[PDB]
Every structure is written in C-alpha cells, then in structure tokens.
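Accompanying notes for the structure given below.
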There are 6 protein chains.
Amino acid sequence: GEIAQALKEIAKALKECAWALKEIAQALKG
Amino acid sequence: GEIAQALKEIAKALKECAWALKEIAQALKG
Amino acid sequence: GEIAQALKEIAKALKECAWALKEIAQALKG
Amino acid sequence: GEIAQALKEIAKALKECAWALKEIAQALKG
Amino acid sequence: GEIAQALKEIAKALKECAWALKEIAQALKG
Amino acid sequence: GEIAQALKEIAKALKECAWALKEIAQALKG
C-alpha cells in the first residue's frame, strides 16, 4: 500500500547510496 | 495526500543523492 | 501539521544534500 | 511527542549532513 | 510488520552509509 | 515501542553520518 511501498522505496534508495559510499571508501583504502 | 506526497519527495531526493554518489564512485574507480 | 511539516523538512534537507552531491560529482567529471 | 520529536531529530541530523556536504562541494569549486 | 521492517531496513542502510563515511574520513585524516 | 525505536535508530545513524561528513569537510578546508 501507498505508505509501506514509499518506505520500501526510501530503503532501496538508501541501499544504493550505501553501495556507492562503500565504493568511494574502497577506492581510497581497499 | 500530504503524508504520501512527502514520502514520495523524500524517495525522489534520495534517488538523486544515490545517482550523484554513483557518479562520484565512477570518477574514483580504476 | 507537525508530522507533515517534519517530513517536509526531511525532504528539504535531502534536496540540499542532493544539490551538494551533484556539485561534487560535477567537480570530479571530465 | 515521541514520533513528532523523532522526525524533527531526523530532519536536524539531515540538515547537519547537508551543511557538511555543501562545505565539501565549496572546498572543491567555491 | 511491514511498516516496522521498512523502518528497520532504512536504519540498516543508514548504518552502512555511516560505516562507509567513517572509512572515508579515516582515509583523509592525519 | 517498535516504531519509536526504529525512528531513534534512524536518527542515531544519521548523526553518525553527519559527524563523519563534518570530519571529511574539515580535512578539505583551508
């Protein structure tokens, strides 16, 4: 439903942010 | 509705964050 | 409207985060 | 109340994130 | 528990973001 | 309660993001 799906979309966008931030960290110290 | 539309705007902004962070990761990767 | 205004302030802050991240990505791109 | 204050605290933490991201962008292109 | 699980996935993703940001900060510090 | 505790964990993680981003900003500033 509208609210459950909105929170899922927020979680998914934050997982994409987390992946990219780990890629940036890994470029500096991996 | 007001709550649904605010949660949609939060998801949209986070997707823009995610895309920019992917571009920063791409710039730093070998 | 306390709940709606707090979600709108979260969206506003994330839009500022997205603007700044896009500025960082542009600074690093060719 | 518990939920209104929690969302305010989330907005405040995101404003601090936004300020720091703008400082990073400004260090690169200001 | 769909609403609680989506908020917990948001927290999980943000903890991953925080870990990666701390790794970036450590890479840049003296 | 479950919703209150998830929102507290989201705020805590974002404060950790904010602190790390402040440290990255400090590293890059003159």
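Quick note on labels: first sequence line is chain A, next is B, and so on, each numbered from 1.
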Quiz item: In Å and rounded to the nearest 0.5 Å, what is the CD1 to CG distance from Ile3(E) to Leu7(A)?
Solution: 5.0 Å
Exercise. Under the salt bridge (charged side-chain N to carboxylate O under 4.0 Å, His left out) rule, collect the residues that match up with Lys12(A), sequence neighbours excluded.
Key: none
Exercise. Identify the heavy atoms of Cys17(E) and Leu14(A) that sit nearest to each other, and give their distance.
Key: SG-O, 4.0 Å
Practice problem: Could you grab the distance from atom CD of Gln5(E) to atom NZ of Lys8(A), nearest 0.5 Å is fine? | Solution: 10.0 Å
Self-check item: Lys15(E): salt bridge (charged side-chain N to carboxylate O under 4.0 Å, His left out) partners, not counting sequence neighbours
Solution: none
Quiz prompt | Heavy-atom pair of closest approach, residues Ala13(E) and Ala11(A) | solution = CB-O, 4.3 Å
